[PDB]
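Undergrad: Could you have a look at this structure, given as C-alpha coordinates, before my questions?
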Amino acid sequence: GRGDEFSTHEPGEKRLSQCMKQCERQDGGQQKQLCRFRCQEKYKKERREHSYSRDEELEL
(Lines give C-alpha, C1' and ligand atoms only; values in the text may rest on other atoms or scores of the structure.)
Protein backbone atom coordinates (compact mmCIF):
# COMPACT_ATOMS: atom_id res chain seq x y z
CA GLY A 1 0.00 0.00 0.00
CA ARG A 2 1.99 2.96 -1.35
CA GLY A 3 -0.74 5.38 -0.19
CA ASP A 4 0.52 8.98 -0.21
CA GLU A 5 3.08 9.58 -2.98
CA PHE A 6 6.72 9.96 -1.88
CA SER A 7 9.80 11.06 -3.80
CA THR A 8 13.31 12.48 -3.32
CA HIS A 9 14.22 16.18 -3.62
CA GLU A 10 16.52 17.63 -6.30
CA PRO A 11 19.73 19.43 -4.87
CA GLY A 12 19.36 21.95 -7.73
CA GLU A 13 16.22 23.40 -6.11
CA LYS A 14 18.37 24.42 -3.12
CA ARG A 15 19.96 27.24 -5.17
CA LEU A 16 16.49 28.65 -5.86
CA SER A 17 15.69 28.46 -2.17
CA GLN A 18 18.62 30.85 -1.60
CA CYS A 19 16.98 33.25 -4.12
CA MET A 20 13.85 33.26 -1.96
CA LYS A 21 16.01 33.89 1.12
CA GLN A 22 17.76 36.84 -0.56
CA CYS A 23 14.55 38.24 -2.06
CA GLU A 24 12.80 38.31 1.33
CA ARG A 25 15.69 40.29 2.89
CA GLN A 26 15.62 42.82 0.00
CA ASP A 27 13.63 45.98 0.75
CA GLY A 28 11.02 47.68 -1.46
CA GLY A 29 8.94 45.69 -3.96
CA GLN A 30 10.90 46.03 -7.23
CA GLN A 31 13.94 44.26 -5.71
CA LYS A 32 11.86 41.17 -4.89
CA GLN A 33 10.33 41.12 -8.41
CA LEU A 34 13.59 40.87 -10.45
CA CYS A 35 15.59 38.69 -8.02
CA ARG A 36 12.93 35.95 -8.32
CA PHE A 37 12.52 36.57 -12.07
CA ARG A 38 16.24 36.13 -12.92
CA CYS A 39 16.52 33.06 -10.65
CA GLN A 40 13.71 31.34 -12.54
CA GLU A 41 15.44 32.01 -15.85
CA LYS A 42 18.79 30.88 -14.46
CA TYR A 43 17.16 27.78 -13.02
CA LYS A 44 15.62 26.96 -16.40
CA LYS A 45 18.83 27.68 -18.36
CA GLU A 46 21.24 25.83 -16.03
CA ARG A 47 18.86 23.19 -14.58
CA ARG A 48 21.69 21.78 -12.39
CA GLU A 49 25.31 22.56 -11.47
CA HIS A 50 26.22 22.88 -7.75
CA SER A 51 24.35 21.50 -4.73
CA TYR A 52 25.69 24.35 -2.56
CA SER A 53 27.68 27.51 -3.42
CA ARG A 54 28.60 30.93 -1.98
CA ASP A 55 29.06 34.12 -4.06
CA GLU A 56 26.47 36.88 -3.53
CA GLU A 57 26.68 36.55 0.28
CA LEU A 58 29.43 38.51 2.07
CA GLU A 59 31.73 36.74 4.54
CA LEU A 60 32.31 40.01 6.43
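By order in the C-alpha coordinates, chains are A, B, ...; within a chain, residues start at 1; ligands start at 1, following the order shown.
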For residue A:16, please output as a ChimeraX atom specification all residues within 8 Å (counting only C-alpha atoms; exclusion window: fewer than 5 positions along the same chain).
TA: /A:39-40,43
Undergrad: For those residues, write N, CA, C and O atoms to a file as a JSON list (two decimals), in the first residue's frame.
TA:
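Saved as part.json:
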[["chain", "number", "residue", "atom", "x", "y", "z"],
["A", 39, "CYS", "N", 16.24, 34.39, -11.19],
["A", 39, "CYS", "CA", 16.52, 33.06, -10.65],
["A", 39, "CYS", "C", 15.77, 31.99, -11.42],
["A", 39, "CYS", "O", 16.32, 30.92, -11.67],
["A", 40, "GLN", "N", 14.53, 32.28, -11.78],
["A", 40, "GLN", "CA", 13.71, 31.34, -12.54],
["A", 40, "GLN", "C", 14.33, 31.06, -13.90],
["A", 40, "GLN", "O", 14.39, 29.91, -14.33],
["A", 43, "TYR", "N", 17.54, 29.13, -13.38],
["A", 43, "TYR", "CA", 17.16, 27.78, -13.02],
["A", 43, "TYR", "C", 16.83, 26.98, -14.28],
["A", 43, "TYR", "O", 17.26, 25.84, -14.43]]
Undergrad: Would you mind telling me which residue in A:46, A:19, A:1, A:10 lies nearest to residue A:31 when using only C-alpha atoms?
TA: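 Closest residue, counting only C-alpha atoms: A:19.
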Undergrad: Report, in Å with one decimal, the straight-line distance from atom CA of residue A:24 to atom CA of residue A:52.
TA: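 According to the coordinates, atom CA of residue A:24 and atom CA of residue A:52 are separated by 19.4 Å.
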Undergrad: List every residue of chain A that DSSP, applied to the backbone, labels as alpha helix (DSSP H), and write the result as number ranges by chain.
TA: A: 12-25, 30-46
Undergrad: Just want the 12 Å neighbourhood of residue A:53, counted on only C-alpha atoms, with same-chain residues fewer than 2 positions away dropped. Output as a list in words.
TA: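 Once the adjacent positions are removed, what remains is residues 11, 12, 14, 15, 16, 18, 49, 50, 51, 55, 56 and 57 of chain A.
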